[PDB]
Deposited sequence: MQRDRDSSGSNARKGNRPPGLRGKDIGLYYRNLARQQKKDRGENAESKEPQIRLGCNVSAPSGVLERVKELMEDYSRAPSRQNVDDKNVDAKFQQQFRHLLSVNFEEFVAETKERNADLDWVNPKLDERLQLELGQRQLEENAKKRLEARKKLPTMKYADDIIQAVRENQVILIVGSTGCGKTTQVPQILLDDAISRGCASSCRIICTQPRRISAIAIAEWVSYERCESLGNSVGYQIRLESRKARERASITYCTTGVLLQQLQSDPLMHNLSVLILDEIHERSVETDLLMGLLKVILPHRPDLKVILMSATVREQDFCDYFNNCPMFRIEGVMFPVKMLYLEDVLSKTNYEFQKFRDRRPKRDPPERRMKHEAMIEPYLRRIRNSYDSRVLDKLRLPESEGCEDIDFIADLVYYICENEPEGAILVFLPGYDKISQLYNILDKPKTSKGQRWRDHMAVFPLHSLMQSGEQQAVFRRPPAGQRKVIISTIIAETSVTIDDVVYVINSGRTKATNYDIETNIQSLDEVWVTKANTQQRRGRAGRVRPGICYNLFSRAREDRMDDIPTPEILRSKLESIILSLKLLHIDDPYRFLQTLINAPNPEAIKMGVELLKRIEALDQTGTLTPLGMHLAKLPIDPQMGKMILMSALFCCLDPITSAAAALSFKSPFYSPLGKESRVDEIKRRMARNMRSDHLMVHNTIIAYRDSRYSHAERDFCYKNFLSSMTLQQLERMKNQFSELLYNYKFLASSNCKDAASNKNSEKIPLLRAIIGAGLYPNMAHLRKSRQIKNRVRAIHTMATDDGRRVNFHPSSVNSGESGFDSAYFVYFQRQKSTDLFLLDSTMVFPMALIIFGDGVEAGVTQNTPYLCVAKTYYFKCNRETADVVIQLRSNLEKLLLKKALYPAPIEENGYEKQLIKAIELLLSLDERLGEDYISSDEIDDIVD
């Protein structure tokens, strides 16, 4: 054991801490408490009873409305604004099956509709069931909810379906996504929503009494939410026999969903695209004849294949397939030569380049912009080259979606983002490198890694279709057919990669009290060892007790649209009067950073973040400083100027602002804040006390700690609490920095690409870790008294400061327990506020001088 630095406090301070604690200890309406006992007392049978009576709105129909809408429907089908809209709808394949679909829903609780992009299942099925019920005189009984995986898709589909019905958005078609909703009318309506919206809504309506038809779309993508939703349908559907569910899928292991719902009926609806020809690595080199010059088990795969095609391809070509670097994107000048080829031959259309990541997109971009070869300079002024990456601005501007200038061809250099998320309509040529990146958690080593991996058969299929929108196109796949046969069918279902704390907690609100038993009933069951790991995290932050039962704090966390750790952090910030900065840290960690990463500018990006961090050595306070800056720029009408200067997405920021308020209102409704405003003065008296913020940030990120032992840009000898050597990720504001006032850091994410990096970090001080952490004991190991945290970091501390900090931690735990059970804001002049002031005072001993 090595003894860290001294944390003994001055006698004068300890004497005041003792005084405040004794004031706290001389103190003697909770609707929330009875709800919490009522949840624990009922079994699932009773919960099912209770929820039926409480959500009865659909037991009521409006016959005067049923008839009124039935009349207006027939009438508007003979007008000449519609019935052009109907005749163009009738060219969509789905509409040929309308009547079989209507009947299939009538006779079966669950059906599946499987169809290719272009088939119109998403826009046409909901309209088919709605217009049916209206005509039959049931309009007011019909409320259709259609999920989508992506926010942008949910909206545009809504605007489109609303167009096909001659309505402004919000009469019969609407959308609801997080913090933005154009709600449709109450009854006889179709609502598009993100799958997550529906999940949070389950708490209030656990058995889906507030809808008549659930349509799950794009379930073949296996997002956690669709897979999670389907498992929940097996628990719900035996108790909702009048509910109708329609599953929807691409032709990507569609049979898995049909098998899952026990043998249910399955429609196959044909798609409407232009034919796209698939070429593979043998065919690409055959046309461009590019020359390469500058384990194997490349050979185990490639030679058996080269033998089967000896008579179909030239012998010089087949030799290049022996080169390990011919496939994938190892040689970028190979892809560059494939673009220059298309620019000459293969007449006009745009080129869509699929590259794995930021690094390789930069390489191809510089080559197409700064060519070293004659062929490249010939073409440079004739390409309009757009990089496409979630961290790059090009997606949030209208240039990459419009047609290129005259005499120029549009070339898009993209990640997998352009596969489904982003759509460019004039793409005719797709170059498919076959390589993407994936984050993989290894449960055995507690290491998350970011690796370059092969794409799956489903992916390649999706990138092909991207070329069949305007006219028949070509897709160039830079791998051999011997590779495709060795590629997987689909990507790993993402639920097997995801942290389970959120789900395990959210399940408790649905009275699904055994996460091991329930999660095993999913399409792909997550590793039970990963389930246990989640329960311990929840027991460690005291949201579950040792018996696994929900705790009062745990019920609060489960209701919040954020991970339980950052939910706790937000809660602490309400009790400690730093609501505004902390909810910036929580909102940013959950959603994303507001910062772009434009090509070439990586040095200037580092400088913008150095300045925004204000030497506070915390990535999270840095974002809050940015938001404080953003608000000021809205006050001065410099909003655009400010964002241009600091590489900021106004869209990201505005949505971070919206999340801060959602947290504030929830905390307000739960009786933890006096005001629903995250800026209110009362919620924020401590918001300028930087040592205090670091304490609450650490309470959120604990026990993810790091210790730095080296000084030199600067080199760092730094290791996490598990012992492994790490560095600050270069995108972090602590990379290469020297002269820290403390040697201990907290982090949200640790990830290995070239070394073990902390993607994000906040420097914290020992006394705050000790107060809000666990594994705290006082003793003697040298002839020195110590005070430790996590039983991992042992600090020099005299017996007077230890006995106080231990007694302090008790009263803190006693308070947190009471506030969760009996939520009420901390009054400014009460007993509770004194214990707070005691903690502020001990934490300020670390203030910068």
{"item": "Chain regions without C-alpha coordinates, deposited sequence numbering", "value": "1-51, 80-89, 356-368, 787-792, 930-944"}
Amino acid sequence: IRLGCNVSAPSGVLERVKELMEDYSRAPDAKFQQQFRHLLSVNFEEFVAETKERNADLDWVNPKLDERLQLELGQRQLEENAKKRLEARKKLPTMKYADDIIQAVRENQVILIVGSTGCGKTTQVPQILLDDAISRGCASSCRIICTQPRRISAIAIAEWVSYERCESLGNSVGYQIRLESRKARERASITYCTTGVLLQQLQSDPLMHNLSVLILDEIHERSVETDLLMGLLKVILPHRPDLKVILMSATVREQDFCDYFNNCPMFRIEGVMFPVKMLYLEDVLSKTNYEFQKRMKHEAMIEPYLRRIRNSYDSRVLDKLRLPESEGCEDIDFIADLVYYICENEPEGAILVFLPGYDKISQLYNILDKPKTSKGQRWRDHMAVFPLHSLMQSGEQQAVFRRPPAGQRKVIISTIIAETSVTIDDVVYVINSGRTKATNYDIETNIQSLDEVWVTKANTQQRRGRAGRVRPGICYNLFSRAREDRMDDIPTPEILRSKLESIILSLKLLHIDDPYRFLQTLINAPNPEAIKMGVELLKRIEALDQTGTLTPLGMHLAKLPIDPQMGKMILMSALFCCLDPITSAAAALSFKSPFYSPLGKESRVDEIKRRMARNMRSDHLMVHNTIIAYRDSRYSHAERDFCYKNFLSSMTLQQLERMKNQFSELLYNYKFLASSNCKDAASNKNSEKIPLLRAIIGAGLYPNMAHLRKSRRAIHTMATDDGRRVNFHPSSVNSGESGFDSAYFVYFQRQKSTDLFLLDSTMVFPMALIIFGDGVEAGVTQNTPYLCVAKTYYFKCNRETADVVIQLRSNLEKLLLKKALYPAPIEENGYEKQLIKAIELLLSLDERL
From here on, numbers count along this sequence of modelled residues.
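Take the two forms, find the largest set of C-alpha atoms that superpose within 1.5 Å, and that set is the rigid core.
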{"query": "Comparing 512-520 and 304-312 where Cα RMS over structures and residues is taken in 8 other deposited structures of this protein (core fit), larger one", "finding": "304-312"}
{"query": "Farther-lying stretch by C-alpha RMS in 8 other deposited structures of this protein (rigid core fit) among 763-771, 318-326", "finding": "318-326"}
{"query": "Mean C-alpha B-factor comparison - 557-565 and 307-315, higher one", "finding": "307-315"}
{"query": "Which of 529-537 and 421-429 has higher mean CA B factor, as the PDB entry lists it", "finding": "421-429"}
{"query": "Highest-ranked of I111, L232, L575, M301 once sorted by CA temperature factor in the record", "finding": "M301"}
{"query": "Residue, from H209, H620, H716, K660, that the PDB entry assigns the highest Cα B-factor", "finding": "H716"}
{"query": "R694 by Cα B-factor - lowest, middle or highest third of the modelled chain", "finding": "lowest"}
{"query": "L849, C-alpha B-factor rank within chain (lowest, middle or highest third)", "finding": "highest"}
{"query": "Chain-wide C-alpha B factor ranking for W160, given as lowest, middle or highest third", "finding": "middle"}
{"query": "CA B-factor ranking of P241, expressed as a third of its chain", "finding": "middle"}
{"query": "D57 CA temperature factor, ranked by third within the chain", "finding": "middle"}
